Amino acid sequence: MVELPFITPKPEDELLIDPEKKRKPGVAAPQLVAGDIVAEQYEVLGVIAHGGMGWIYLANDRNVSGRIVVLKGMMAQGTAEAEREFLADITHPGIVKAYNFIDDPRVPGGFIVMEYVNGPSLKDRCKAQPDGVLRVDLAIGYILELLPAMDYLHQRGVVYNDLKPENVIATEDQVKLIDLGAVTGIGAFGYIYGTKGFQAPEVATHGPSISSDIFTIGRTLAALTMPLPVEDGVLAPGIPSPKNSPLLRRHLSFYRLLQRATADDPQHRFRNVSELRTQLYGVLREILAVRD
């Protein structure tokens, strides 16, 4: 019975990045500006973030009165029409909705057109703390809140692939997964757009699976609760040892869970989300019992 703290959404006059602010060296101006029209349907309003795949735009949808949408870059034959069909067929309150897939000559790769989620990301919430990490019981609460969205994908034979604090948005008293473009079928072929430091080691060689999604849940939960060593711009593999982490010495069952979720061998992890949820509830109770 986790009660997530209500996060008030930011006002509309604070959604866009200010175009008159100087940019950090190495970043190019947005290719679309306010007033541009994409695919004779979306009226560009501005940018909300600059990600690894480029700028991320906000726009008005003419087909539905008052609808505001995100234009996010798609990653690079006939199955492509079937995969886009599946993404628009996803129906779950914990997953951002996909409305369309469009092209524009000014932005190579095209856009996915998706619902805008107002709240801040879990990475933003971590940054709001003096040590840059969340309270362990609260981080577990966030993980438990996104497990239904993950298990829904798994029941459809697909995986999220790129779970990490920056693409989980906390709005009101809920969380939404927002990285729709990363979803693939279980066992899909081709390059999987996970993130090094979060992705399971076997994805590049055997493809993604429910087990590899479990792995990203464990790494995400670790990144939310403790500083993690970095090696060449990548979170180092493994969970820190209890002998080096006072947090993990305090909650040894939390360490055991993180280690099991991120075991090298996929056969040594949790088999599915429900099996992980059960152990998460137990760890949360042991944590609340030791602390209080």
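We number the residues from 1 along the sequence you see.
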Deposited residues missing from the model between residue 204 and residue 205 number none
Stretch with the greater mean C-alpha B-factor as recorded in the entry, comparing 153-161 against 116-124 = 116-124
Averaging the C-alpha temperature factors as deposited, the higher value of 126-134 versus 185-193 falls on 126-134
From 60, 225, 262, 253, the top C-alpha temperature factor is at 60
Cα B factor band for residue 41 (lowest, middle or highest third within the chain) = highest
Quick tally, chain-level thirds of C-alpha B-factors: residue 16 sits in the highest
Should residue 84 be placed in the lowest, middle or highest third of its chain by the C-alpha B factor in the entry?
-> highest
Using the B-factor values recorded in the entry, state whether the Cα atom of residue 217 falls in the lowest, middle or highest third among the modelled residues of its chain.
-> lowest
Would you mind checking where the Cα B-factor of residue 167 ranks among the modelled residues of its chain, as the lowest, middle or highest third?
-> lowest
